[PDB]
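*Asks:* sequence-free structure coming up:
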Ligand SMILES: *P(=O)(O)OCC(C)(C)[C@@H](O)C(N)=O
């Protein structure tokens, strides 16, 4: 050992590494500060270990301790050196790992000692990768420190390469800590500066235009009125005016104004200024004369291009160049020499309408070129297109209309103001001229969608928020976004489907969009922020406004890129698109809620009458703001209708206060809706619309003031709904308490039946006035010990079962800015310690009573630590320690300070801190940190405990107990969630998963509940109940737990203590009714439970007499909680920490945060994993969206399984399509017999039949059957044993045309006469011993008489289609008389081809005919050899029971394929174990019953190289349906029946016909090609079992009646019949688990487990066993009590010798002994009456070794052998007690053999001692 100097700055002082070094008994000196070269901490030091050290050691220290300074770096060096290594490992996509290296004089450039490779997942957050890396570097140290300190590791130098990163290089990506890895990279690809990007722009617009004029010179360029201009004509004319302009003094970057109207000369003038070298300044001729003069002076334009009509509008301010004067055009028509560069200005357009007069935005040539070169290929603009010059030329909308289409050869069409505003005439012009593409502003576009257009193919819109997508046209709709400072637009989106917020799209060419926060840092995907624009669109800036240019056009402080502040809020969507979220200044406060008014307009325009809408947020002089909803409709809409239409999806404050009807929205001269031209409302004096009905009396006024105090709404109306205007459960109790001071009593349920003041008055009329119903809480006097509450006694008892448990520790974290004083927080916390007695309360136990003791003062543990982002969790973890309830304070605090935040953490116990106590602790701490004075407390918790304990003696408490004792009586429901194997003991290890409900859906949830007199909790509880029901196999009742506030006395809502109470909720789900009906039923069961909510949970368990199990929590196993919105801002920034604990199997907590819902899924990690919970979270979201949109839909119509799961099930299971030859099996025989007539086909006994001999004899009987009246789909019955004649009959039946119906010859006459009639058949092909057995039914032939054959040996003609019957197999199933399954040829062919693809029987192979032909399995043996042209070895009749004969057939005939039903394979492998004969066997195909798990190794040990296969299939699916290949080294927990065969499909549905997900059980259904036509002469049963289903799209499915479940692998698991199911209080059980112990018992070879209903009806768990030993009940019970719990412990164990199998080898559950019988059981104890028995008990105790022997104990049960009896009889003989060893077998007990053991009386009278002499 040696001294170690541990250097850490951002890690803990007692890390996992430091304390492991102390376990090895090292002296670990810890120094967190900068160490000097000659310090005391450097003396007598042998090793230096560093872990997150934030300083650089001196160069002397590195050399003085060279080879002795070890560093722990969580990065795979040389990659990611320096600071923040784990983040840069993910962002730069470097290799991942951890490194323990040596320290040199640089940053992480030392020789590596040990290095491991870590793996991060795509769905892991960055914080998750931080913990996973910190653990690896700590585990790597623990694993290798001994090898390091002992020199058993040679340092190897770092390989070449790697990255180096410093501090503050991450400041741009600070918000992305909770972002997944795949989303972090997705943002990188979407926002990182591209390497090479695109080619740099090197052209101006007039350069590219002049090149297009050379390409399409005679194409039509511009069309105005009826005249037209070609590209050459337009080019030459502009060149003429440009020569004049340049000669007049036009230089590059000069600004030439243009004041013309939309005409051909406008296009000429624009191109002329460009060709001259300047930039055109568009001035609308209709502007005010002051606006015109402002632009001319601001632009400093010396030349103005106008005509004579608008000439005087300049007032002689410029050199007027008339566009109609011929002298203004020169004679030179050639292109001018180029004097411009791509950096020169191309146009200047002024924008305004707000702050400032007007600002001149300057755009350059490269800006416009980049847009036009993106516009043409994006929309496919060709010279065949025709565009519309719609927008005013003073705005970039015209730049898109003109410049983009000119560079593609298209034609421009000028729009006069006669059609610019009459959109009906514009649609006429477009349809009659062929206008194919154009840009229309948002307002004009939405009013153009109604017109019937056939000309447009692409219509682009933008400017305002697009909401309308339905249009009367065949054109594609595009939505664009972009400021005027950038070129026209920067993002484009094709509107493909309806959207709530239509995205603005993805950036264009050479353009990148960033979503940044206020600190200019990158926001994660989905997080809102300010939109920034980078790329070639950013112009120069504003004209003569350099301050505003430097304000909006900024270079980024870190990325070093020029960006434009848009002032708009947007977020990135996961698809890569951007969506507009509003302007950063248009956020207004309505009723105390910050809302975006743009979120109201889409719902209002969805009204069937509203076409346009705009919601403004005006204000009054008092300061309050009100929302006004302007709408354009054909006529006015009543105020109540618009209030109701928006009340379906929006809250009350988002419903506008007033609505204004408009006929046409006033547009500005620029295409936008004139917002300041909308009519201001007249009633703007705090008017409450019109639904306001003023209070008419003194009670309605008194109720309106109480409602105003609780809800915070001024002037309430008597018709206002409580829940609709912010009403909550807490606010209902506040209304009740506020009425108690008035004197009126209101119950909690009566508010939901009287939700308005109008109804509340009518209820409070009969209610008495001033009575003082509420009594004040009496403050207890000072005592030594105080009383504890019922919940405090429970929480105490909980913490006592494991005194070191943190399962009830309450840990929260708040992230403060670094500017907050750490000690100021500690002082505020120490003030809260004395303010509340709970923070100074200690709990002890006086005898058997738990009492509380108050302490005057207690010191607070405030641990200040320094940490990094990637270590805050590990630091906080090491602080969560168990609490001693006898010591105060029950709360520990501390602040972890990082380089960017101060993380305050506090850990308390649930005995003190509950839901409301957290809210009060937040408000008081926030006020103390704000230096606000607090009013001292008035009440204490110790006094409420006294008041409540006395209420436990009242009559109302007994009345509430009687509720729970009757509510929870009888058999309660059982919720079997699809969990993993439940551990024997209850486990508390857990994890969480979070699901966010967006604000929009949250608003629709709360508006729905309030509209139907429900709370959000009632609505969520119904969805949770349905969600649990559908997972519990669509049960009708469910059970779950909930949490109430438990604040009984109204004076306790300001105290700090444990008040919450747990309530069981027994709810019912009616799947046949609507979602609204179930909503009322959940409330009808919740309100009576809340009326009895103040009975402690442990008393409720006692009243119900709930039995305690080990695997499940008592009563319920799923918990559902819900908290309200945070009261303060500090509570909203608090974060609840879970220390890997799940108190229940599954816990759901709904938290109202950020105007949305954060739903937590706390689950036990032993029952669920990461994948299972993710499925259930998606299913809850799927049910929530279906329910909120289907209020009136039946609950049965809501599906649980998701579409991604349905596609996953299709591929892994039901993708079995394969093309198979349609050649029938009777033709394949005659085809093979033709090619190979002299090949062996059948082998019976020791005789062989060739293909020709077989086919010829088949033809003779066929020709005989043909003339007998055999046609397709005719039935002929067979009565023959296993022989060659049976095979000839079957094939001759098929060749003749009919189907063969197998009948056992040895079947009773009662059975045949049934099939003889049900089938209606006539011919009976029977053998000689069974000819008269048909009783001459009709025409009976003799298969052994040559008269029944013919002489024609030629193949009969083909007379069968693939849809004709091939055989009819009767079932004789349980609970029913035999039914004839009709199988067709194509159905049989698909299975034979399918089984040949998996187990190919080739020509050199053979099959064994051993299954009785009245079973479908035999058919696979009858025809299984034909496809591969093999052979069939017919076993001797009744030789299927002799494993000797079966094994001889496999050896002698080289059989490769064999069928074996289980329970018949076990006797076969029991014969082959002591065998060694050679075998050609390849496949053992098992079918008929469930395969025992122990049989798989038994088969592979007696037969290596074989392929054991478990196969399942009902008779209605021909032969088989699914298969599963079993391997050697395998131990499957059941025997999965596997996946369906080719062209087979299997579905597992519930009781409502919905596909069940993985793990959830249901009914197995078959579908595909090989389905039976139906049941013979039973169309009723055919409809019940062969039903059409939407899964097969109208095609039939066969309902097997078997219970089954999907597995994560995809193989289906057999769970037994749907009927004959055994449950344990609803929670079911698997009998195979009980049959495990029977196999574990070596002497118990085989045994079965079922049930039997007793005389009264209760089924007892009867087990049937056979073995070589005699047991007892007690011995068999104890052997099961190993791991099998008591709820599965059976009872009657009747001993058997063989199992009652039937003809199919399965043990008849009926034929099992019904009334038990030979159930071995023990007797009582002992009573050695006489000393003889006591002597017998002592001698038995010595020989048998049993220290306690009873007089009624069986000799053999205590270890009685034949050797023991001789010892016992010998010891008795030595004390004169004759015992016969034979009697011990007849009388095996002491008392039974006591009268039979006699004495050896030796008399001892002697010979007459009186002797003489
Ligand atoms: P409302 O039923 O929505 O309130 C929710 C509960 C029942 C949790 C609340 O009343 C409470 N803390 O008891």
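*Replies:* Cool, got the structure. Numbering: from 1, shown residues only.
*Asks:* my guess is residue 1106 contacts residue 964, does it?
*Replies:* No - contact criterion C-beta atoms under 8 Å: residue 1106 and residue 964 do not qualify, at 10.7 Å. C-betas here are computed from N, CA, C, even on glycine.
*Asks:* who's more crowded, those two?
*Replies:* Comparing residue 1106 with residue 964 by other C-beta atoms under 10 Å, the one with more neighbours is residue 964, at 21 against 14.
*Asks:* quick check, the residue in the stretch 1051-1200 of the chain closest to the ligand?
*Replies:* Relative to the ligand, the nearest point of the stretch 1051-1200 of the chain is residue 1122 (5.2 Å; C-beta to the nearest ligand atom).
*Asks:* which one is that residue nearest to, not counting chain neighbours?
*Replies:* residue 1150 (4.2 Å; C-beta to C-beta, 6 or more residues apart in numbering).
*Asks:* could you check which residue of the stretch 501-650 of the chain lies nearest the ligand?
*Replies:* For the stretch 501-650 of the chain, C-beta to the nearest ligand atom, closest residue to the ligand: residue 593, 18.7 Å.
*Asks:* and the residue nearest to residue 1122, what does it touch?
*Replies:* Contact analysis of residue 1150 by C-beta atoms under 8 Å, 6 or more residues apart in numbering lists 1016, 1017, 1020, 1121, 1122, 1123, 1157, 1158, 1159, 1160.
*Asks:* now swap in residue 719 and tell me
*Replies:* Listed by C-beta under 8 Å, 6+ apart, the contact set of residue 719 reads 691, 692, 693, 756, 757, 758.
*Asks:* Throw those into a markdown table and include neighbour count, distance to the ligand and secondary structure, thanks.
*Replies:* Shown next, in a markdown table, are the contacts of residue 719 (neighbours: other C-beta atoms under 10 Å; distance: C-beta to the nearest ligand atom, whole Å; DSSP: H, G, I helix; E, B strand; the rest coil):
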| residue | neighbour count | distance to the ligand | secondary structure |
| --- | --- | --- | --- |
| 691 | 11 | 25 | coil |
| 692 | 13 | 27 | coil |
| 693 | 15 | 27 | coil |
| 756 | 19 | 19 | coil |
| 757 | 25 | 21 | helix |
| 758 | 17 | 23 | helix |
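*Asks:* which of those sits closest to residue 1244?
*Replies:* Each of the contacts of residue 719 was scored against residue 1244 by C-beta to C-beta, and residue 756 proved nearest at 91.9 Å.
*Asks:* for the ligand, what's the nearest residue on the stretch 1551-1700 of the chain?
*Replies:* Of all residues in the stretch 1551-1700 of the chain, the one sitting closest to the ligand is residue 1626 (26.8 Å; C-beta to the nearest ligand atom).
*Asks:* about what we covered before: before we move on, which element is the residue nearest to residue 1122 in?
*Replies:* strand 1146-1153 (DSSP states H and E).
*Asks:* quick one: list the elements packing against the next helix or strand after that strand.
*Replies:* Going down the chain from strand 1146-1153, the next helix or strand is strand 1156-1164, by DSSP H and E. With contacts taken as 3 or more C-beta pairs under 8 Å, 6 or more residues apart in numbering; DSSP states H and E, strand 1156-1164 sits against strand 990-991, strand 994-997, helix 999-1011, strand 1146-1153, helix 1170-1189.
*Asks:* so which of these comes closest to residue 636?
*Replies:* helix 999-1011 (24.5 Å).
*Asks:* buried set for that closest one?
*Replies:* 999, 1000, 1001, 1002, 1003, 1004, 1005, 1006, 1007, 1008, 1009, 1010 (16 or more other C-beta atoms under 10 Å).
*Asks:* for the ligand, see how far away residue 325 is.
*Replies:* From residue 325 over to the ligand the distance is 80 Å, taken as C-beta to the nearest ligand atom, to the nearest Å.
*Asks:* ok, back up a step: hmm, residue 1147 and the residue of the stretch 1051-1200 of the chain closest to the ligand touching each other?
*Replies:* No - if you go by C-beta under 8 Å, residue 1122 and residue 1147 don't touch, sitting 11.6 Å apart.
*Asks:* let me know the closest of the contacts of residue 1150 to residue 642.
*Replies:* Among the contacts of residue 1150, and counting by C-beta to C-beta, the member closest to residue 642 is residue 1016, at 24.3 Å.
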